[PDB]
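> Protein chains in written order, with the authors' numbering: chain S, 199 to 297; chain Z, 496 to 544; chain W, 347 to 396; chain L, 165 to 593; chain F, 545 to 593; chain A, 165 to 248.
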Amino acid sequence: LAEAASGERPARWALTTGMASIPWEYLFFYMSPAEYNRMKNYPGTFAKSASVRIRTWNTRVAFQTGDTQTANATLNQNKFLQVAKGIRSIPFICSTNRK
Amino acid sequence: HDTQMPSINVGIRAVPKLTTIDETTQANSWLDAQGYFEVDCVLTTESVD
Amino acid sequence: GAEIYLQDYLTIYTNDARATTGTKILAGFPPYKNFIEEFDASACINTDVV
Amino acid sequence: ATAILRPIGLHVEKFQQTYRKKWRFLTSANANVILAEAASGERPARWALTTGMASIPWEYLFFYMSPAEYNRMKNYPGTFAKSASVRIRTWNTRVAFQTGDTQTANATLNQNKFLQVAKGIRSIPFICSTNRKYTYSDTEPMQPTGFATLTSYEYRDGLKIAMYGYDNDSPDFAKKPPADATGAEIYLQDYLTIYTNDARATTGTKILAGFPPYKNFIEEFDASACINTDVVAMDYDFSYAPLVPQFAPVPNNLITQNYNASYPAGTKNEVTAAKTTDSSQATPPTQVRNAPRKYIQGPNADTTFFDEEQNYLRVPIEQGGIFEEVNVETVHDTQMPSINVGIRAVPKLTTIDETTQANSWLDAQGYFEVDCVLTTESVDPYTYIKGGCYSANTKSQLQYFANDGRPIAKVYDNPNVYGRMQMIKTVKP
Amino acid sequence: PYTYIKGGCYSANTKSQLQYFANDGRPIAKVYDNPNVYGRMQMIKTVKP
Amino acid sequence: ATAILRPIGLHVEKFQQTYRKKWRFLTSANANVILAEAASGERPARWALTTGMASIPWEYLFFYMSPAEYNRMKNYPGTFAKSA
DNA sequence: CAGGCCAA
DNA sequence: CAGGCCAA
DNA sequence: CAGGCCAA
DNA sequence: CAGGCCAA
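In structure tokens:
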């Protein structure tokens, strides 16, 4: 995808992926508004450790594309899961998470 | 010292359509596919009085 | 406990030199697939991945 | 006595480099259909038997190493490709659930699914074959109905661009995301085709031998049992694959009046010879010593082959018999074995009324994971104290040249002649 | 290093190197010619050959 | 699960090179004589005590590697001297 | 069962 | 194979 | 007994 | 560490 230059941002090419970002670095991910509001009444609070475990379930693939002009429906599937740890910190892969 | 939390990205690779394209290139049509991810997260905090 | 659709995905960027004046960098993309793990999702049903 | 000096010899630096790629290929299960190819110039009229076995271009440098790696390797004179290995793994093979012909209820859960592997078909003396791109019918997308005009150079260039993408200044940059970065599948379009003579207009004694039984030379397995299994594992040691020419020696003609001297070769052949053969049997096989050639480094160097970079994707990596060295040398003809993999066409569940081959096929794709490794070596010889690297003059290299000045190189595109890959004139890109 | 697919070798930007320079543009380098100062070799402006 | 991809990282090629020289040096047994050095600009007036201990220029690149080697090494960006 | 032929 | 660079 | 001081 | 090249 082409991203036009805007102000200080140069013109660049964007390579889209299907690897969804997991927002485990933020406080709302772990604790509800009630917990946040109560924690506000505990001055001196430091977050000590954050752990995340991700389990994948059955991955659904469409049986057909819906293009009526082709008979592309098939029982067989090649189905791959992509996991990316620490891509954000790689000095030479300029990347960010986008909608 | 400077700090960083490692990023986590998970996803499913796009599944090409069973159509036959006429040129040596990447697929131009893909089947709908969803990843189903169960996420367990724990946060530990401490405070002092 | 219902599922939530995620909409925020990793995007890889590289320079666009179509309007670049001077010495252009034409290095293409970095091979980002050399830095990720990929598994057959049919074998990963109900398995810890991260 | 304490040896204050000893013959430590020259300073030579050898560098070994490794190039790895991973490619995912999608192959069509093309039907076995006879196609007519009209006579064109020197090409006779012939019948073509199409297959679904896609060619794997493991004989070319772009298969293993990216444009950045190629450009950097250019700065390492004396580079030889040492070994090329390819591992091919097939994944689940998809077969269309239905043909799409609404007038029949051909949809079925059951599948017969076969994977075809062909090693070294290109070298078989009596199976005249080459890899071709087909055109397909609209009603039957898996049925070839002709040949595309896309040549082998154009095919490999397109495959390279799919592998590595365009330059950032290209207006068509977005069209091809690099598979080297994405890991996405690439559709292969170059399939093994079997040829036989077309005697419809032949005058005189006709040969009516039909086709050779090429299925007696391939492996075929139930593709349902081959999911995530290695199917091809082949290594190749290169006899002589100069990727960048040697460092030029210090010319002895600037130091010596003896540079143009003669010495006995004895009964050994220190100069290579080109064998010309004639399958029409109009001319006997001919061996010609001292074919026209010129140096690829030195005062009168002609580096057209390495400046047109024929060796990236136009010309195969190995060029044994094309390149001479100025020394007592043993040189033999060379070939890299061909690799073709594919899925056999899956017939439609329709019932035809005649005893013959199926006339309708389900769409089927082969999913092939290809692992390839290329090993190269280069040298930095210091024969002299100053001026940079210089090699010994016995390391000087010559390349066969045509009389018009076009470098001659080995090609794996045309069918074999007596089991030999021909040498042909290179074409300027 | 091959950080990118095309264009030749490129290193990571964390491998970028700077050299001390004088305000007039002459590179500054270590020299072992002058006597030590507090046991230290000085850095001096390089002279154009 | 069969890992179709794994983080193999970048392709980086490291090249190690060795440069050797053998030199024979003749040194004079200079006497220990005090020499006067007049003040010049920022340099003060000082007494100099001469010795016969010749300096060995092992801290410089020409000591180990010839002009041909230096010119070729110029075509290897990222070169660090490891040990002398 | 591949690399200068295979029926060596 | 993640956390202040990786080719340490 | 050398390399950012030696009397550390 | 020599004899049809040596970086084989």
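Positions of the beta carbon are idealized from the N, C-alpha and C atoms, including for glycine.
Answer yes if the segment 386 to 401 of chain L comes into contact with the segment 462 to 473 of chain L, meaning at least three C-beta pairs across the two stretches below 8 Å, and no otherwise.
No, the segment 462 to 473 of chain L does not touch the segment 386 to 401 of chain L.
> Return helix, strand or coil for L213 (chain L), following the three-state DSSP convention.
Taking the first residue of the fourth sequence as position 1, residue 213 (chain L) is located at position 49. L213 (chain L): strand per DSSP, three-state reduction.
> Taking the alpha-carbon positions, what's the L279 (chain L) to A193 (chain L) distance?
The residue labelled residue 279 (chain L) in the question sits at position 115 within the fourth sequence. The residue labelled residue 193 (chain L) in the question sits at position 29 within the fourth sequence. The alpha-carbon atoms of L279 (chain L) and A193 (chain L) are separated by roughly 9 Å.
> Pick out the complete beta strand (DSSP E) segments inside the segment 461 to 514 of chain L, 3 residues or longer, and give them in chain order.
Fully enclosed beta strand (DSSP E) runs of 3 or longer: 487 to 489, 503 to 507.
> Expressed to the nearest angstrom, what Euclidean distance is found between the alpha-carbon atoms of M500 (chain L) and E223 (chain L)?
Along the fourth sequence, one-based indexing puts residue 500 (chain L) at 336. Along the fourth sequence, one-based indexing puts residue 223 (chain L) at 59. Roughly 7 Å separates the two Cα atoms.
> Could you tell me which residues DSSP puts in a beta bridge with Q563 (chain L)?
In the fourth sequence, counting from the first residue as 1, residue 563 (chain L) sits at position 399. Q563 (chain L) is bridged to L:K458, L:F487.
> Under 7 Å between beta-carbons, which chain S residues line up against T558 (chain F)? List them in chain order, please.
In the fifth sequence, the residue the question calls residue 558 (chain F) occupies position 14. Chain S residues near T558 (chain F): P289.
> Is it true that the CB of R210 (chain L) sits closer than 8 Å to the CB of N361 (chain L)?
Along the fourth sequence, one-based indexing puts residue 361 (chain L) at 197. Along the fourth sequence, one-based indexing puts residue 210 (chain L) at 46. Yes, the Cβ-Cβ distance between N361 (chain L) and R210 (chain L) is below 8 Å.
> Ignore the nearest five residues each way along the sequence and tell me which others in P289 (chain L)'s own chain have a CB closer than 8 Å to its CB.
Looking up residue 289 (chain L) in the fourth sequence gives position 125. Within the same chain, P289 (chain L) has close Cβ partners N580, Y582, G583.
> In chain Z, which residues lie less than 8 Å from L279 (chain S) when you measure between Cβ atoms?
For the purposes of this step, residue 279 (chain S) is identified with residue 81 of the first sequence, where counting begins at 1. The answer, in chain order, is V505, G506, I507, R508, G530.
> Could you check if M217 (chain A) is buried or exposed, using at least 16 other CB atoms within 10 Å of its CB as the buried criterion?
Numbered from 1 along the sixth sequence, position 53 holds the residue referred to as residue 217 (chain A). It is exposed - the Cβ of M217 (chain A) has fewer than 16 other Cβ atoms within 10 Å.
> Contact criterion: CB-CB distance below 8 Å. Does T590 (chain F) meet it with respect to chain A?
By one-based count along the fifth sequence, residue 590 (chain F) stands at place 46. Chain A contact via Cβ: absent.
> Quick check on the DSSP output: the alpha helix (DSSP H) that includes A232 (chain A) runs from which residue to which?
The residue you call residue 232 (chain A) lines up with position 68 of the sixth sequence. From DSSP, the alpha helix (DSSP H) with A232 (chain A) extends over 231 to 237.
> Check the Cβ-Cβ distances between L526 (chain Z) and every residue of chain L, and say whether any is below 8 Å.
The count along the second sequence starts at 1 and reaches residue 526 (chain Z) at position 31. Judged by the 8 Å Cβ criterion, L526 (chain Z) is not in contact with chain L.
> From the DSSP secondary-structure annotation, give me the bridge partner or partners of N361 (chain W).
Translated into positions along the third sequence, residue 361 (chain W) becomes position 15. Per DSSP, S:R210.
> Does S287 (chain S) come out as helix, strand or coil in the three-state DSSP assignment?
The residue labelled residue 287 (chain S) in the question sits at position 89 within the first sequence. Helix, per DSSP.
> If we count the other Cβ atoms within 10 Å of its Cβ and call it buried at 16 or more, is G530 (chain Z) buried or exposed?
Here residue 530 (chain Z) refers to the residue found at position 35 when the second sequence is read from its first residue. Flag for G530 (chain Z) reads buried.
> Starting from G310 (chain L) and walking both ways along the beta strand (DSSP E), at which residues does that stretch end?
Residue mapping note: residue 310 (chain L) aligns to position 146 of the fourth sequence, counting from 1. Where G310 (chain L) is concerned, the enclosing beta strand (DSSP E) stretches over 308 to 311.
> Please compile the residues from chain A whose C-beta is within a distance smaller than 7 Å of the C-beta of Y554 (chain F).
To locate residue 554 (chain F), count along the fifth sequence from 1; it is residue 10. Neighbours of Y554 (chain F) on chain A: none; closest Cβ ~10 Å, over 7 Å.
> Distance check for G484 (chain L) and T440 (chain L), CA to CA, integer angstroms please.
Position 276 of the fourth sequence, counting from 1, holds the residue named residue 440 (chain L). Position 320 of the fourth sequence, counting from 1, holds the residue named residue 484 (chain L). Spanning the two alpha carbons is a distance of roughly 16 Å.
> Suppose the cutoff is 7 Å on Cβ atoms and the five residues either side in sequence are ignored; what does the same chain contact list for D386 (chain L) look like?
Within the fourth sequence, numbered from 1, the residue matching residue 386 (chain L) stands at position 222. Excluding sequence neighbours, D386 (chain L) sits near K277, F278.
> Taking C-alpha atoms, which residue in A:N239, A:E206, A:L213 lies nearest to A200 (chain A)?
Along the sixth sequence, read from residue 1 onward, the residue named residue 200 (chain A) stands at position 36. Comparing Cα-Cα distances from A200 (chain A) to each of A:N239, A:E206, A:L213, the minimum goes to A:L213.
> Does the distance from the C-beta atom of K185 (chain L) to that of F244 (chain L) stay below 8 Å?
Numbered from 1 along the fourth sequence, position 21 holds the residue referred to as residue 185 (chain L). Numbered from 1 along the fourth sequence, position 80 holds the residue referred to as residue 244 (chain L). No, the Cβ-Cβ distance between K185 (chain L) and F244 (chain L) is not below 8 Å.
> Going along chain W in order, which residues have a C-beta closer than 8 Å to the C-beta of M217 (chain S)?
Within the first sequence, residue 217 (chain S) is the residue found at index 19, counting from 1. Chain W residues near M217 (chain S): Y355, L356, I382.
> Report the three-state DSSP secondary structure of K439 (chain L) (helix, strand or coil).
Translated into the one-based positions of the fourth sequence, residue 439 (chain L) becomes position 275. Strand at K439 (chain L).
> What is the DSSP secondary structure of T257 (chain L), reduced to helix, strand or coil?
For the purposes of this step, residue 257 (chain L) is identified with residue 93 of the fourth sequence, where counting begins at 1. Note: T257 (chain L) maps to coil in three-state DSSP.
> So, do the segment 560 to 569 of chain L and the segment 488 to 500 of chain L have three or more beta carbon pairs nearer to each other than 8 Å?
Touching, yes.
> Assess contact between the segment 291 to 302 of chain L and the segment 531 to 538 of chain L, defined as three or more Cβ pairs (one per stretch) separated by less than 8 Å. Is contact present?
No: the two stretches stay apart, fewer than three of their Cβ pairs being nearer than 8 Å.
> Check whether the segment 321 to 329 of chain L touches the segment 300 to 312 of chain L, counting contact only when three or more Cβ pairs, one atom from each stretch, lie closer than 8 Å.
With the cut-off at 8 Å, the segment 321 to 329 of chain L and the segment 300 to 312 of chain L do not touch.
> So with Cβ pairs under 8 Å, would you call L352 (chain W) a contact of chain S?
Position 6 of the third sequence, counted from the first residue, corresponds to residue 352 (chain W). Chain S contact via Cβ: present.
> According to the Cβ coordinates, are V259 (chain L) and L526 (chain L) closer than 8 Å?
As a first step, residue 259 (chain L) is located in the fourth sequence; it is residue number 95 there, counting from the start. As a first step, residue 526 (chain L) is located in the fourth sequence; it is residue number 362 there, counting from the start. In contact: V259 (chain L) and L526 (chain L) (Cβ atoms closer than 8 Å).
> Give the residues from the segment 245 to 256 of chain S that approach chain Z closer than 9 Å (Cβ to any Cβ), ordered along the chain.
Here the close residues are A245, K246, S247, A248, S249, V250, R251, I252, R253, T254, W255, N256.
> In whole angstroms, what separates the C-alpha of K370 (chain W) from that of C536 (chain L)?
The residue given as residue 370 (chain W) occupies position 24 in the third sequence. The residue given as residue 536 (chain L) occupies position 372 in the fourth sequence. Approximately 31 Å, taken between the alpha carbons.
> Touching or not, the segment 247 to 264 of chain L and the segment 252 to 270 of chain S, by the rule of three or more beta carbon pairs under 8 Å?
Result yes; three or more Cβ-Cβ pairs closer than 8 Å.
> Going along chain A, which residues have a C-beta under 9 Å from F385 (chain W)?
One-based indexing of the third sequence puts residue 385 (chain W) at position 39. Those within 9 Å of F385 (chain W) in chain A are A165, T166, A167, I168, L169.
> Quick one: residues in its chain with C-beta nearer than 6 Å to the C-beta of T590 (chain L), no 5 flanking neighbours on either side, listed in chain order?
As a first step, residue 590 (chain L) must be located in the fourth sequence, where it is residue number 426. Excluding sequence neighbours, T590 (chain L) sits near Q474, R570, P571, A573.
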